[PDB]
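Visitor: partial complex here, more coming in a sec:
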Amino acid sequence: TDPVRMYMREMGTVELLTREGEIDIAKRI
């Protein structure tokens, strides 16, 4: 329980963006 844990693990799934990927999304924006 203790939501720090169920949070830490829920975001920990998300992979860091590549330097190129940021611009892609930003372009998408």
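Guide: On my side now, so go ahead. Numbers count the residues shown, from 1 in each chain, chains lettered A, B, ... in the order given.

Visitor: quick check: which element contains residue A:14?
Guide: Using DSSP states H and E, residue A:14 sits within no helix or strand.

Visitor: what about it, neighbour count?
Guide: Here the number of neighbours of residue A:14 (other CB atoms under 10 Å) works out to 7. Where C-beta positions appear, they are placed from N, C-alpha and C, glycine not excepted.

Visitor: contact partners for it?
Guide: Contact partners of residue A:14, counting by CB atoms under 8 Å, 6 or more residues apart in numbering, are absent.

Visitor: got a list of contacts for the biggest helix by length in chain A?
Guide: For chain A, the longest helix by residue count, based on DSSP state H, is helix A:19-28. Here helix A:19-28 makes contact (CB under 8 Å, 6+ apart) with residue A:17.

Visitor: check which residues of that helix are buried.
Guide: Residues of helix A:19-28 include none that count as buried (16 or more other CB atoms under 10 Å).

Visitor: how far away from the center of its chain is it?
Guide: 14 Å (CA atoms, centre = their mean, to the nearest Å).

Visitor: ditto for stretch A:6-19
Guide: With CA atoms, centre = their mean, you get 4 Å for stretch A:6-19.

Visitor: pull out the buried residues from that stretch.
Guide: Buried, per 16+ other CB under 10 Å, within stretch A:6-19: nothing.

Visitor: first-to-last residue distance for that stretch?
Guide: One end of stretch A:6-19 sits 28 Å from the other (CA to CA, to the nearest Å).

Visitor: put chain B onto that model:
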Amino acid sequence: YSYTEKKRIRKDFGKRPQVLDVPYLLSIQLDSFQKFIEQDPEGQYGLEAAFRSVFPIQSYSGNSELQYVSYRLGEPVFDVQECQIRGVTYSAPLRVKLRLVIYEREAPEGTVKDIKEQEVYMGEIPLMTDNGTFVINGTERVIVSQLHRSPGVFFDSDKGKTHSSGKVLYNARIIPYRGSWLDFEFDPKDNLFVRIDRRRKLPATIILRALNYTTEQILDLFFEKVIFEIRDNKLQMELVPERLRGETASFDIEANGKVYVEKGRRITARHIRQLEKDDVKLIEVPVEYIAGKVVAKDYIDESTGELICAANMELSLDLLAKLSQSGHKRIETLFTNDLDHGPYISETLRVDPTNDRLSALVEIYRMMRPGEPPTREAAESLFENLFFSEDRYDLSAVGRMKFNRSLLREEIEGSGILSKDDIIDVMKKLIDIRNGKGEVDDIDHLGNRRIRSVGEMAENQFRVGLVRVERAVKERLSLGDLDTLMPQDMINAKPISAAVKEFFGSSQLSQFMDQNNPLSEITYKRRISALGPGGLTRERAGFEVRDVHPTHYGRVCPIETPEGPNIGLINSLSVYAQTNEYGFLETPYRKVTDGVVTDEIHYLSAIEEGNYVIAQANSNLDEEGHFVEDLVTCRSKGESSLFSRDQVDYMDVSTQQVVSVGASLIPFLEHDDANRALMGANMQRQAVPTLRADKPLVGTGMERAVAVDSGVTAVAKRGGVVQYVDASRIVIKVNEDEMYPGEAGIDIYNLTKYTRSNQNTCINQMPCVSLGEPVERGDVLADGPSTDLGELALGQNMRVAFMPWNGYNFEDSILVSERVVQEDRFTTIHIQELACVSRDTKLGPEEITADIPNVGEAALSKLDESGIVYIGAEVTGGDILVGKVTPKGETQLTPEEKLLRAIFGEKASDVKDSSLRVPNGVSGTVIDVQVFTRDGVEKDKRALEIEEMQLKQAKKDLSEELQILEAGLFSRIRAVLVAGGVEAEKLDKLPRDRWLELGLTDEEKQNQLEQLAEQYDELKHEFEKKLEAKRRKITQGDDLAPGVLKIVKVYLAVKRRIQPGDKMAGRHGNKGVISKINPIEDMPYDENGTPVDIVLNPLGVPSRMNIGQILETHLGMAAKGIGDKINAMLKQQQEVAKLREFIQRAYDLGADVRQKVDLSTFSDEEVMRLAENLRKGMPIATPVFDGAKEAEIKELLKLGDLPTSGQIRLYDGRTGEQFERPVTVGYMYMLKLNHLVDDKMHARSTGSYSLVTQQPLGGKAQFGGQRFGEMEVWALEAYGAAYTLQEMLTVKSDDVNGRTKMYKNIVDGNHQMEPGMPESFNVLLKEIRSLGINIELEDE
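Guide: Let me put chain B in with the others:
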């Protein structure tokens, strides 16, 4: 014989000579703290040690380091006296020099810059008083020494209740001085477990893997190796001839062409003798015996490189073939015996989920900090940090010593961390114990109970203060710039200072001093406590540890301990006991070599004493000191029996050494049942001192030691003659043998005068010496409260008669003659501190001005212009001590109130009366007034007068100092000048100031003149600087609390005499509460007509068996007798000869006592003075267990002219008729405990109320009502009285409506109640409804 001994001598019964005399009773408290604050150039406990552990602090790898140089304690901001008044702590600033080194980046280590910040200030640590007390906030607090479990290893049992199968268990516990706990424990299955701290149990082997031990080395460690050889064909085996003991033969066992044993015949010592003597090393074995044997190491097939069997696996007959065909000559197996060498570890591995070191390290890390993902660095780092880091773990010296000791090691000193061998050795011993070799220790032995005490304790807290500063320090060195910061900007103060302050301030070991009285002080100071941090709690420990133990002899007082929730959690220290070098308790003993009793004393600890045979304190030896009887009672090991004449290795030092100062003061203790004795020594401390110090009439002999050792009395530092005696000070002119060459000197004793105790008694000294009297070093110059001539007087002894007196003494009630209250003997002086605080409100500042709304001039009489009561005005309840008014604007009065002012024409003030007034009923004389002001508010008139007055008094005092001092020094110069240049009439002519010019012939005496000059000039200026600071200390605007502009403390000295309701008790555990105060007329009187002071009820005696109270009465009587006799010969004025004869007669008293005596004493001045002191009574000494005997008492009663029965005829003062039967009358010492009734009495009609729940609450000290509890409610329910009960819990208390609605009816004269609903429940209703619950009140 000494000087205060010539004044009064105590006749001492008892035989046994005192070989050792009682050392300073305050040692522990003093020695300890002395080690704490001290400069020790090594690791002995002190600030140095606590500094040296955590320092130096290095940054994180950054090669930026901060080390520690030195420390010092600055002089206190305020002195002790000022510190109580002001309310502050007696403390010294701690100034520590720090050295900051910076390594050139990417070193070889060399420094860029090192800034030495001079002594950055961290905290003010409290200081211990000359008497061993602390003053935290204006309140004396004492820190009780602690008794806890010794660091080390401990092997316990825990048999019985668990699992209800018996089988016991055996657990080991490694308790470090600092750092985590390591526990090993068995289970019903014999599976070895470990738990760190109290945490989850984990299978033991898991730590070994974490210590980097593969399965194979664990088996190799805990088990022996059974060697199997396949030599020729089919299965031979290596055989140790001893292995076959305790087992029965599974087949024909035959080797060496001689068959030693057949199948089914158990192998005994015969077979073993045969095997050993025939030296049969190797035998041939069958292929089926290895079906059960577990293989030791791993065994693989050499060719195929495949794992045949893992280590610690049970072999089978098929498996043997598969590793045999692989070319394996040797197969190693375990030695397993369910009796001798268990097979524990093997099965422990089988419950272990782990495999490799990292695996084990992980299971631990997730055990210790679960829920978070383990990491390699995390499992490794934490585990290396638990027991192996110099930072987080220490057993210190004691831990390592007992550790090594319990492991049968040699070294008493070693590493402060754990080594793989250490853990391993411990596991080995536990298993050895489970195997039956070894025994378990027991916690209750005093070899396992260690004593700390204040010094060590302050160091521990201070240590914690330093680690919590360490984290911060690293934090700053994280980002650091080179040259800007220095060792100040980092280290804070408050954290450490409030850390240390919380210790002395609120701690289970820190306490007030409730009542003044030397025994109470001196008895706390040697208190032990098994409670508090690092100790057990009442709820935790049961009766085993509370109970008295054999090792307590001579160490802990058996009979002095509190009776209550914690019994045996306190005890008290014994008389001759001492703290061990390492911190155990050791006691004095006498070495008996061959058959002679040697007077060399030897201190033996609980374990040292174990093996020796020690004789008894009560024994008869003589001449050469050969034990008189051929066999004597002794205690040797935990037991006592008759021992041969020369067996005893040692003997008890004294007869007292079992008890404590509290118990040792009970006369004829040997005559009291232990329950009552405890109670006696428990009550004796509650004695409030009295107005006239009496002296014990019946006694023991410790009273001298108690008076002196406690600082209450004032003892001479050096011997000499008294120059000046005032009720204020005492000046002693030192003798030259005791005098130091420089400064010459005289010792000036400034006596304490009437002053405040930790609420509310008075502590006041009286000079006991006269003008121009010889004093020897260590003589009492002045008694304090409850000391008389150097003895301990907690009360006044008095004439007492045992007999029912018309029931007024009914249960324990005591019936007292008016003579006592008239004699003011039991009168007592209390000094109370009342304060008036002028705060700041958002509405405005509060004025102390004397203009107070709605008071006549008669009220304002007792006040000066300023609003402060004059010093010395006698006052009662309601009197205005300090005028105070606080702004409250816009009263908003009401119509009818507006008319009221209109008719009587009063201007209703913008100010409300806050003035401090005397509590109801209490009445006294003002002995003092103090005025504290915020820095910056203009001091008022009166306060200014005070500043001027205190200033002059200081100047007068310092000047007086300098004057006596100067005279003392120049008077020495006069004497040195007379040698080599004597001028008698010539020298004292010229001005004394001009003396410094005259020289001398070449000699050291010229250089001696040199010496006295130097010290003179120092004093001349030391005076100057001393005055200035004092002047500065007076004038300085005092620091106050937030919001307070100024404070006025008035000091009242209440004098209370005695009244029905006060508690009184003797030393024997007889309590009592005076019931009636009787006229002298009704007091039972004897034929001579001398009434009796107190009439005690005899019925209390048999039931409570305290028979000493009776002897104390009898002997008491006789003592008074010898007095009365002397009182006539002195009123006869016979002569020194006649007096001398009789006194000598008394002090001998028929045979075999140890006292000795006079005619060496100067036959004139000395004898007559003594006699004058004996006429009140003859002070007698009954040593505790050596005490007097009936015959001696009867014999002493014979000299008295008084009967042996100790009973006389007594006559009722009312009818004048006789009393059938004789009644015992005599002199019993009696105490006034401080329960005095006008404290206990309280009553409330309508008071203040709690806000949160409207309930009676004392806010004014007009006390909240009495609490009507659950049990009392049941009582009303058993009677049928509901209304009493309803009115109790509704209108009389909780109904905010009903309460006023009632009162209005009560005055109206209508007794009713219109109850409504108790507000308590009314809140529960909202509280339930605040949750999600809809709770409603139905119907009608």
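
Visitor: please reconsider the buried residues of helix A:19-28 now that chain B is part of the model.
Guide: By 16 or more other CB atoms under 10 Å in any protein chain shown, helix A:19-28 has no buried positions at all.

Visitor: stretch B:1322-1336 too?
Guide: Those would be residue B:1322, for stretch B:1322-1336 by 16+ other CB under 10 Å.

Visitor: again, but for stretch B:1286-1303
Guide: Buried-residue list, stretch B:1286-1303, by 16+ other CB under 10 Å: B:1287-1296, B:1298-1299, B:1301-1302.

Visitor: now these as JSON lines including secondary structure?
Guide: Below are those laid out as JSON lines (DSSP: H, G, I helix; E, B strand; the rest coil):
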{"residue": "B:1287", "secondary structure": "helix"}
{"residue": "B:1288", "secondary structure": "helix"}
{"residue": "B:1289", "secondary structure": "helix"}
{"residue": "B:1290", "secondary structure": "coil"}
{"residue": "B:1291", "secondary structure": "coil"}
{"residue": "B:1292", "secondary structure": "coil"}
{"residue": "B:1293", "secondary structure": "coil"}
{"residue": "B:1294", "secondary structure": "coil"}
{"residue": "B:1295", "secondary structure": "coil"}
{"residue": "B:1296", "secondary structure": "helix"}
{"residue": "B:1298", "secondary structure": "helix"}
{"residue": "B:1299", "secondary structure": "helix"}
{"residue": "B:1301", "secondary structure": "helix"}
{"residue": "B:1302", "secondary structure": "helix"}
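
Visitor: redo those residues as JSON lines? Include distance to residue B:108.
Guide: JSON lines is the format used below for those (distance: CB to CB, whole Å):
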{"residue": "B:1287", "distance to residue B:108": "89"}
{"residue": "B:1288", "distance to residue B:108": "85"}
{"residue": "B:1289", "distance to residue B:108": "83"}
{"residue": "B:1290", "distance to residue B:108": "85"}
{"residue": "B:1291", "distance to residue B:108": "87"}
{"residue": "B:1292", "distance to residue B:108": "85"}
{"residue": "B:1293", "distance to residue B:108": "81"}
{"residue": "B:1294", "distance to residue B:108": "80"}
{"residue": "B:1295", "distance to residue B:108": "84"}
{"residue": "B:1296", "distance to residue B:108": "80"}
{"residue": "B:1298", "distance to residue B:108": "87"}
{"residue": "B:1299", "distance to residue B:108": "84"}
{"residue": "B:1301", "distance to residue B:108": "90"}
{"residue": "B:1302", "distance to residue B:108": "90"}
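
Visitor: add chain C to what we have:
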Amino acid sequence: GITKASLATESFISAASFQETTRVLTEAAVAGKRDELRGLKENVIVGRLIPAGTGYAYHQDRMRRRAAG
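Guide: Adding chain C to what we have so far:
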């Protein structure tokens, strides 16, 4: 046994006294249990006459008024 028999009591306010409160309140709150008082412990809590002794006369007069018309 006494401690077990004392467990069951119709009035929930009484049980809330000496038993574990959270459990008492919930388990009651679901059932909509209606406490009619009638006992001692409870009348003391709410603070009215004990339905015994002097009050026994009262409760009598009210108890019958209840379940009446």
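
Visitor: again for the buried residues of stretch B:1286-1303, chain C present now?
Guide: Quick answer for stretch B:1286-1303 (16+ other CB under 10 Å): B:1286-1296, B:1298-1299, B:1301-1302.

Visitor: check stretch B:1065-1083 too.
Guide: Across stretch B:1065-1083, burial judged by 16+ other CB under 10 Å covers B:1065-1076, B:1078, B:1082-1083.

Visitor: now do stretch C:43-60
Guide: Buried residues in stretch C:43-60, counted by 16+ other CB under 10 Å: C:43-51, C:53-55, C:59.

Visitor: tell me which residue of chain B lies closest to chain C.
Guide: Nearest to chain C in chain B, going by CB to the nearest CB, is residue B:1280, at a distance of 2.4 Å.

Visitor: contact partners for that residue?
Guide: For residue B:1280, the contact set (CB atoms under 8 Å, 6 or more residues apart in numbering or on different chains) comprises C:52-54, C:56.

Visitor: overlap between these and the residues near chain B?
Guide: Filtering the contacts of residue B:1280 for proximity to chain B by CB under 8 Å from any CB of the partner chain leaves C:52-54, C:56.

Visitor: among those residues, which one lies nearest to chain B?
Guide: Nearest to chain B among those, counting by CB to the nearest CB, is residue C:53 at 2.4 Å.

Visitor: does that closest one touch residue B:1282 like I think?
Guide: Yes: between residue C:53 and residue B:1282 there is a contact under CB atoms under 8 Å: 5.1 Å.

Visitor: how many residues are close by residue 4?
Guide: In the absence of a named chain, chain A is used. 10 (other CB atoms under 10 Å in any protein chain shown).

Visitor: nope, chain C please
Guide: Residue C:4 sits with 7 neighbouring residues when counted by other CB under 10 Å.
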